[PDB]
Student: 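Here it is, the structure in full.
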Amino acid sequence: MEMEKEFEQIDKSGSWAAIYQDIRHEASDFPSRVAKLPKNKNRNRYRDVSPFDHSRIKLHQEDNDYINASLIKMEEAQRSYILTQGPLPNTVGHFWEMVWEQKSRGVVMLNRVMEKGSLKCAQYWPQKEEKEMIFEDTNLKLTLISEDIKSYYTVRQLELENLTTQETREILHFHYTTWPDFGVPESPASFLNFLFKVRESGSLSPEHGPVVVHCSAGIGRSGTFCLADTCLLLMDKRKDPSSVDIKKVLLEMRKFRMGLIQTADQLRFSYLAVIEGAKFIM
Ligand SMILES: NC(=S)Cn1cnc(Cl)c1Cl
């Protein structure tokens, strides 16, 4: 079926939970043996969210190459994303090592450091120009260059330096600051505006390594971001945009990381975002 009318048909019939459970039943299951080794317990935020072995990002380190991160490679859309968890106190250095080694231009953050009165990820970037951060385990230096605070999101320019080679690179930090503590946003308008700002920066483009995207577990909000982006790109590329099937795209992405889209409300919100974004395109 088309998307917008499939949408109203699920709303009128109130069957979002049944649609979402079908997705969960059909989703791929692949091994995640490296993630479950005992030496990696303090590298995982949640025991039930792990990268598959076949698609995990490897650190270029011979001691321990493990990080909770997955490469999502979308062949028809010609887009790649790295989806990861919010860094932990003992993985902030690994996180920036990955950004460096994978040649990423942008980092997309969809959570606040504290939500619901608890810490959802480490404070992994510097908050003042004159107070830079040094990650001694991976030999990197990170400096805040500039910061632009808007009503729904903040963009930061950062300088990452590889202290071994003295090479430097500019990283853009796109921070969506207004996702609610419970539920999903009422309108997708500010999320779509944010997606378009990331696109405009070049961070999603083939001349760079894959964008790094995260929330707390790296599957819920993060899944919504890449699912909406890929669906809109396919609607631009194809002769028949109504052939784009969001449930099929989601199942393809779930071949690369488990659990993408965590609730039936996130699924409905993803439909809403794609439906509204397609118009604005023309
Ligand atoms: N009809 C479409 S959108 C084909 N398809 C299904 N899943 C993905 Cl990804 C693609 Cl492409």
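Sequential numbering from 1 along the given sequence is applied to the chain's residues.
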Student: Less than 4.5 Å apart, side chain to side chain, heavy atoms only: is that true for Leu158 and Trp96?
Tutor: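 Yes. Closest side-chain heavy atoms under 4.5 Å.
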Student: Could you check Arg268 against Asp11 for side-chain contact (heavy atoms from CB on, under 4.5 Å), going step by step and ending with a plain yes or no?
Tutor: CA-CA 9 Å; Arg268 179 180 187 275; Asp11 259 7; 3.0 Å; yes
Student: If every non-hydrogen atom of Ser28 is compared with every non-hydrogen atom of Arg254, which pair is closest and at what distance?
Tutor: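 Shortest heavy-atom contact: CB-O, 4.0 Å.
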Student: Relative to each other, are the rings of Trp179 and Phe269 parallel, tilted or perpendicular (30° and 60° limits)?
Tutor: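 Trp179 vs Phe269 ring planes: perpendicular.
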Student: Examine distances only and state if a side-chain atom of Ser50 and a backbone atom of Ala35 form a donor-acceptor pair shorter than 3.5 Å.
Tutor: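 No, because the side chain of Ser50 does not come within donor-acceptor range (under 3.5 Å) of the backbone of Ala35.
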Student: Below 4.5 Å, heavy atoms only, C-beta onward: do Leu140 and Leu163 meet side chain to side chain?
Tutor: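 In short, these two side chains do not touch, never coming nearer than 4.5 Å.
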Student: Going only through I, L, V, M, F, W and Y residues with side-chain contacts under 4.5 Å, is there a path from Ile72 to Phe52?
Tutor: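 Looking at the clustering, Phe52 is in a separate group from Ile72.
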Student: Sub-3.5 Å donor-acceptor pair from the side chain of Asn40 to the main-chain atoms of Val34, do we have one?
Tutor: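 Yes.
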Student: Can you establish whether the number of heavy atoms outside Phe280 located under 6.0 Å from its atom CZ is more than 12?
Tutor: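 Atom CZ in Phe280 is not crowded, with 12 or fewer foreign heavy atoms closer than 6.0 Å.
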Student: Taking the side chain as everything from C-beta on, heavy atoms only, tell me whether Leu233 gets closer than 4.5 Å to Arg199.
Tutor: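 Yes, side chains in contact.
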Student: Just wondering, do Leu251 and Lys248 contact through their side chains at under 4.5 Å, heavy atoms?
Tutor: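 The answer is no; the side chains never approach within 4.5 Å.
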Student: Count the heavy atoms of every other residue, nucleotide or ligand shown that sit under 6.0 Å from CD of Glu75, and state whether that count exceeds 12.
Tutor: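 No, not enclosed.
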Student: Strictly by modelled atom types, are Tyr81 and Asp229 linked by a side-chain donor-acceptor pair under 3.5 Å?
Tutor: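 On atom types as modelled, these side chains qualify, holding a pair under 3.5 Å.
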Student: Hey, quick one: are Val249 and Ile261 part of the same hydrophobic cluster, counting side-chain heavy atoms closer than 4.5 Å, chains of contacts allowed?
Tutor: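 Linked within one cluster.
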Student: Charged N to carboxylate O below 4.0 Å: is that the case for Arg105 and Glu207?
Tutor: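 Looking at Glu207 together with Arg105, the answer is no, because their closest N to O distance does not fall below 4.0 Å.
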Student: Assess whether a salt bridge exists between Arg169 and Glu161, defined as any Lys/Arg side-chain N lying under 4.0 Å from an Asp/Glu carboxylate O.
Tutor: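 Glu161 and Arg169: not salt-bridged.
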Student: Looking only at atom types and distance, does a side-chain atom of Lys36 sit under 3.5 Å from a main-chain N or O of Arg47, one as donor and one as acceptor?
Tutor: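 Checking the backbone N and O of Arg47 against the side chain of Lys36, a donor-acceptor pair under 3.5 Å is found.
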Student: Would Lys5 and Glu8 pass as an ion pair if we require N to O under 4.0 Å?
Tutor: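 Not counted as a salt bridge, because no side-chain N and carboxylate O are separated by less than 4.0 Å.
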Student: So how far is it from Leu144 CG to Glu130 CD, rounded to the nearest 0.5 Å?
Tutor: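 Separation between the atoms: 9.0 Å.
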Student: If I take atom CD1 from residue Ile67 and atom CD from residue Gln61, how far apart are they, to the nearest 0.5 angstrom?
Tutor: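 Output value for this atom pair is 12.0 Å.
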Student: Do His94 and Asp137 have side chains that approach each other closer than 4.5 Å (heavy atoms only, starting at C-beta)?
Tutor: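 The answer is yes, as the side chains (C-beta and beyond) meet within the 4.5 Å cut-off.
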Student: Could you grab the distance from atom SG of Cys215 to atom CE of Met109, nearest 0.5 Å is fine?
Tutor: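 Taking SG in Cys215 and CE in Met109, the distance rounds to 10.0 Å.
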Student: Is it the case that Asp265 and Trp16 place a side-chain donor and acceptor less than 3.5 Å from each other?
Tutor: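 No, no side-chain donor-acceptor pair sits under 3.5 Å.
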Student: When rounded to the nearest 0.5 angstrom, what is the spacing between CG in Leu71 and NZ in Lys58?
Tutor: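 Separation between the atoms: 12.5 Å.
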Student: Would you give the length of the straight line joining atom OG of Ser201 to atom NE2 of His208, rounded to the nearest 0.5 angstrom?
Tutor: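 These two atoms lie 7.5 Å from each other.
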Student: Does atom CG (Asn42) have a neighbourhood of more than 12 heavy atoms from anything else shown, all under 6.0 Å?
Tutor: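 Yes, CG of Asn42 has more than 12 neighbouring heavy atoms, counting only those of other groups under 6.0 Å.
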Student: Check each of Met253, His214, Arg257 against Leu83 using the side chain to side chain contact (heavy atoms under 4.5 Å, CB included) test, and report the only one that passes.
Tutor: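 Exactly one option meets the side chain to side chain contact (heavy atoms under 4.5 Å, CB included) with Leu83, and it is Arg257.
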Student: Under 4.0 Å between a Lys/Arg side-chain N and an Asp/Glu carboxylate O for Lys247 and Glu6?
Tutor: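 So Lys247 pairs with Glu6 through a salt bridge.
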Student: State whether the side chain of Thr154 and the backbone N or O of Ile149 hold a donor-acceptor pair below 3.5 Å, judged by distance alone.
Tutor: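 Absent.
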Student: Quick one: side-chain hydrogen bond (donor to acceptor under 3.5 Å, both in side chains) pairs with a partner in residues 181-194, sequence neighbours left out?
Tutor: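 Only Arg112-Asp181, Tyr176-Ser190 qualify under side-chain hydrogen bond (donor to acceptor under 3.5 Å, both in side chains).
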Student: With a 6.0 Å cut-off (strictly less than), is the heavy-atom count around CD of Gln166, excluding the residue itself, greater than 12?
Tutor: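 12 or below, so no.
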Student: So does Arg24 pair up with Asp22, basic N to acidic O under 4.0 Å?
Tutor: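 No, this pair does not count.
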Student: Cluster question for you: counting only ILVMFWY and a side-chain heavy-atom cut-off of under 4.5 Å, with indirect links fine, are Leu172 and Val107 together?
Tutor: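 Cluster IDs for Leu172 and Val107 differ.
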Student: Look at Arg221 together with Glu115 and state whether they make a salt bridge at an N to O cut-off of under 4.0 Å.
Tutor: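 Salt bridge flag = yes for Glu115 with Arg221.
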Student: Under the criterion side chain to side chain contact (heavy atoms under 4.5 Å, CB included), which of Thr91, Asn44, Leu59 is the partner of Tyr66?
Tutor: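 Output: one option passes, namely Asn44.
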Student: If you measure from CD1 on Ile145 to OG1 on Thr143, what distance do you get to the nearest 0.5 Å?
Tutor: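 OG1 of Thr143 is found 5.5 Å from CD1 of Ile145.
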Student: Flag the pair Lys120 / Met114 as yes when at least one side-chain heavy-atom distance between them is below 4.5 Å, and no otherwise.
Tutor: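 In short, these two side chains do not touch, never coming nearer than 4.5 Å.
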Student: Taking all heavy atoms of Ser104 and all of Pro210, pick out the closest pair and write down the distance.
Tutor: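 Heavy atoms of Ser104 and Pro210 come nearest at OG-O, 2.7 Å.
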Student: Less than 4.5 Å apart, any side-chain heavy atom of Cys121 and any of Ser216?
Tutor: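 The answer is no, as the side chains (C-beta and beyond) never meet within the 4.5 Å cut-off.
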Student: Against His175, only a single residue in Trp125, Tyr124, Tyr153 fulfils ring pair (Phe, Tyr, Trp, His ring centres under 6.0 Å); can you say which?
Tutor: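 Exactly one pass, corresponding to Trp125.
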Student: Counting only N and O atoms by type, is there a donor-acceptor contact under 3.5 Å from the side chain of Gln85 to the main-chain atoms of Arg45?
Tutor: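 Checked: pair present.
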Student: Tell me whether the count of non-hydrogen atoms from other residues, nucleotides or ligands lying under 6.0 Å of OH in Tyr152 goes above 12.
Tutor: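 At most 12 heavy atoms, drawn from other residues, nucleotides or ligands, come within 6.0 Å of this atom.
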Student: Determine the minimum heavy-atom distance between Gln262 and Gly220, stating which atoms define it.
Tutor: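 Looks like OE1-CA, 3.4 Å.
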Student: Can a donor-acceptor pair be found, under 3.5 Å and without considering hydrogens, that links the side chain of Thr230 to the backbone of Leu227?
Tutor: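 Side chain of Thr230 to backbone of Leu227: no pair is present.
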Student: Run the ring-ring contact (aromatic ring centres under 6.0 Å, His included) test on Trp100 and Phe135 for me, step by step, so that the C-alpha distance in whole Å, both residues' side-chain angles and the decisive distance to 0.1 Å come before the verdict.
Tutor: CA-CA 13 Å; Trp100 182 268; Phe135 305 102; over 10 Å; no
Student: Should we count NE2 of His25 as having more than 12 external heavy atoms under 6.0 Å?
Tutor: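 Result for NE2/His25: open.
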Student: Kindly indicate, with the supporting measurements, whether the criterion side-chain contact (heavy atoms from CB on, under 4.5 Å) is fulfilled by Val108 and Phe194.
Tutor: CA-CA 10 Å; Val108 174; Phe194 175 75; 3.8 Å; yes
Student: What residue among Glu170, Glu147, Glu129 forms salt bridge (charged side-chain N to carboxylate O under 4.0 Å, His left out) with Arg156?
Tutor: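 The single option meeting the salt bridge (charged side-chain N to carboxylate O under 4.0 Å, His left out) with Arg156 is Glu147.
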Student: Examine distances only and state if a side-chain atom of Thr263 and a backbone atom of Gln266 form a donor-acceptor pair shorter than 3.5 Å.
Tutor: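 Yes, the answer is positive, given that a donor and an acceptor are paired below the 3.5 Å cut-off.
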Student: Do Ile82 and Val213 have side chains that approach each other closer than 4.5 Å (heavy atoms only, starting at C-beta)?
Tutor: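 They are not in contact (no side-chain heavy atoms under 4.5 Å apart), so the answer is no.
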Student: Which residue, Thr224, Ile219, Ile23, forms the side chain to side chain contact (heavy atoms under 4.5 Å, CB included) with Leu260?
Tutor: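 The residue from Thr224, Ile219, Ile23 that satisfies side chain to side chain contact (heavy atoms under 4.5 Å, CB included) with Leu260 turns out to be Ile219.
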Student: Looking at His60, is its backbone amide N or carbonyl O close enough to the side chain of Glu101 to form a donor-acceptor pair, meaning the two atoms are under 3.5 Å apart?
Tutor: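 Between the backbone of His60 and the side chain of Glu101 there is a qualifying donor-acceptor contact (under 3.5 Å).
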Student: Has the side chain of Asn68 got a donor or acceptor atom that lies under 3.5 Å from a matching backbone atom of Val49?
Tutor: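 Yes; at least one donor-acceptor contact below 3.5 Å.
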